[PDB]
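A closer look at the structure
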Amino acid sequence: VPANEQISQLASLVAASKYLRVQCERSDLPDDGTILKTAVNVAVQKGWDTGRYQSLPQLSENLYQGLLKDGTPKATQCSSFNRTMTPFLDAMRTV
Amino acid sequence: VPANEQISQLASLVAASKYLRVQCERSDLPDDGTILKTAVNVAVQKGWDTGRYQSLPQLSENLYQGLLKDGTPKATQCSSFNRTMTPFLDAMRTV
Amino acid sequence: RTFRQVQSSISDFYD
Amino acid sequence: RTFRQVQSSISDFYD
């Protein structure tokens, strides 16, 4: 599980959670920092070196903006993320 | 906590959960029967007589259709329900 | 106002 | 296709 993919993956989870919060009105989800914390906690649960996650915050925000101009409708992106994100969002519950 | 209000309340939780599922694309939420089960379980947790819940399924479905023609936008109804419904939706997780 | 009714009822419930 | 990329990545993660 190479570091750069670790980062793509985690940033995808971060970006999708923000998408949920804002585009799908998941008003139950917390701020971007707690979201980043979770992802980091999650990589640690996997014994991953989070000291290499310098680019993570920025890539996350770059993927989020990509999603907003992606042209897949919001109804669709929200159905998708609401379903696939559940374990991550459960993770957020303890941070 | 009179029976008829017990029913309004529970039906409101049922209707809002369906609203979430369909209007807010909460694809993580289950079918209408599990949703009804939860509400019933929840009234039992309160020691409520669920033998009086004959009208509940129909009132729930009537409140759901009211919500769809309510004219409050969906973005707004979803922000509201996503936040207030959290304990109920946690309840659904064990049924 | 179904929504207001419904959001109100949910509020009642969670006391 | 950011979404496809992102949904794919999420899928990868959950294996």
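With 22 residues of chain A in contact, the opposing surface of chain D contributes ten residues. Of the roughly 1300 Å² buried where chain A meets chain D, counting both sides, 69% is carbon and sulfur surface. By the criterion of area lost to chain D, the three top residues of chain A are A:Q9, A:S12 and A:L13, representing 30% of everything that side buries. Where chain A meets chain D, there are zero salt bridges. Viewed at the interface, chain D and chain A are joined by seven residue pairs in polar contact. The set of elements that each furnish at least two residues to the side of chain A that touches chain D consists of α1 (3–22), α3 (56–68), α4 (74–84) and α5 (86–92) of chain A. A total of seven residues in the side of chain A that touches chain D trace back to one element, the largest contributor, which is α1(A). Taken together, the residues of the side of chain A that touches chain D sort by class into eleven nonpolar, eight polar and three charged.

Time to look at the UniProt feature "disulfide bond" in chain A. All names here are of chain A. Formation of the UniProt-listed bridge between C24 and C78 is supported by an S-S distance of 2.0 Å, under 2.5 Å. Linking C24 in the loop between α1 and α2 (32–45) with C78 in helix α4, this pair joins segments that are 54 residues apart in sequence. Neither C24 nor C78 differs from the other in exposure class; each is buried.

Turning our attention to the arrangement of the chains. Of all C-alpha pairs spanning chain A and chain C, none lies closer than 15 Å, and the two are not in contact. Between chain B and chain D there is no contact, and the shortest C-alpha to C-alpha separation is 15 Å.

Turning our eyes to something else, we now look at the packing of helix α4 (residues 74–84) of chain B against helix α1 (residues 2–13) of chain C. Closest axis-to-axis distance for the α4(B)/α1(C) pair is 11 Å, and the angle between their directions is 15 degrees. Compared by their axis directions, α4(B) and α1(C) come out roughly parallel. Relative to α1(C), α4(B) is oriented so that their crossing is left-handed. Here B:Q77, B:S80, B:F81 and B:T84 of α4(B) lie close against α1(C), whose contacting residues are C:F3, C:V6, C:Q7 and C:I10. For the contact of α4(B) with α1(C), the per-class residue count stands at four nonpolar, four polar and no charged.

Cut-offs and rules
Residues numbered from 1 in each chain as written, not as in the entry; some residues may be left out. Chains lettered and ligands numbered in written order. Heavy atoms only, no water. Contact = heavy atoms within 4.5 Å. Buried area = accessible area lost by both parts, 1.4 Å probe. Salt bridge = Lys/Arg side-chain N within 4 Å of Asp/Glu carboxyl O. Polar contact = N/O pair within 3.5 Å; in protein donor to acceptor, adjacent residues only side chain to side chain. Helix = DSSP H or I, 4+ residues; strand = E, 2+ residues; numbered from the N terminus. Nonpolar A, V, L, I, M, F, W, Y, C, P; charged D, E, K, R; others polar. Disulfide = S-S within 2.5 Å. UniProt positions renumbered as here; feature names shortened; annotations may be inferred. Buried < 20%, exposed > 50% of the residue type's maximum accessible area, 1.4 Å probe, protein only. Axes fitted to C-alpha atoms, helices over the stretch in contact; angles between N-to-C directions. Parallel < 35°, antiparallel > 145°, perpendicular 65-115°, else oblique. Left-handed = near helix turned anticlockwise from the far one by under 90°.

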